[PDB]
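The data below hold one chain only, encoded as structure tokens and taken in the form deposited without biotin (BTN).
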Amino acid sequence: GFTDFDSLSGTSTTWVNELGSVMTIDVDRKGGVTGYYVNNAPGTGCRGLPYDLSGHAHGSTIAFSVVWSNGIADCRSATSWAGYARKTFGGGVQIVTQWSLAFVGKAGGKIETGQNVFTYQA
């Protein structure tokens, strides 16, 4: 099963959260993370198309972010996550995350927060 994020370097992995948002991450030899994220969140803009992701990972923790602009649809917002690996009965793994969404609405800058759990899709 899963040991650490570092050993993912060289193999693309795909991960899905409870909203059906999917991301595919590529890990460089220093734990730099790049990839793409496809939002499926209900009632949100920028659904179904790929957005660039970047971050960092090591051992059992990871942090990454997505700015919701890809030159096709611009949702004027950014989300960032931090999470830890959790191994599942029968050799799967999840990333248990906390996230923030920054956007500039009516009453100026606002931040909203919540949780996401990503499951590795072999």
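Residue positions are given as counts along the sequence shown, with the first one as 1.
Item checked: Mean Cα B-factor comparison, 90-98 or 38-46, giving the higher one as deposited -> On average, C-alpha B-factors are higher across 38-46.
Next item on the list: Averaging only over Cα atoms, indicate whether 1-9 or 113-121 has the higher B-factor in the PDB entry.
Entry: It is 1-9.
There is also a form deposited with biotin (BTN) bound; it is not shown, and the following applies to it.
Item checked: Open or blocked: site for biotin (BTN), pose in the entry with it bound superimposed, 2.4 Å backbone/C-beta cut-off, 3-atom minimum -> Judged against biotin (BTN) in the entry with it bound, the pocket is open.
Checklist line | Full three-residue contact with biotin (BTN) in the entry with it bound, heavy atom 4.5 Å, for 8, 13 and 94 | finding: Not a single residue of the candidate spot has a heavy atom within 4.5 Å of biotin (BTN) in the entry with it bound.
Item checked: in the entry with it bound, residue 60 touching biotin (BTN) (heavy atom, 4.5 Å) -> No - in the entry with it bound, heavy atoms of residue 60 and biotin (BTN) never come within 4.5 Å of each other.
Item checked: in the entry with it bound, residue 111 touching biotin (BTN) (heavy atom, 4.5 Å) -> Result no; residue 111 lies far from biotin (BTN) in the entry with it bound.
Next item on the list: Find out whether any non-hydrogen atom of residue 41 is located within 4.5 angstroms of biotin (BTN) in the entry with it bound, and reply yes or no.
Entry: So residue 41 counts as contacting biotin (BTN).
Margin query: Given that biotin (BTN) is not shown alongside this chain, does residue 75 nevertheless sit within 4.5 Å of it in the entry with it bound, heavy atom to heavy atom?
Written below: Within the cut-off, so yes.
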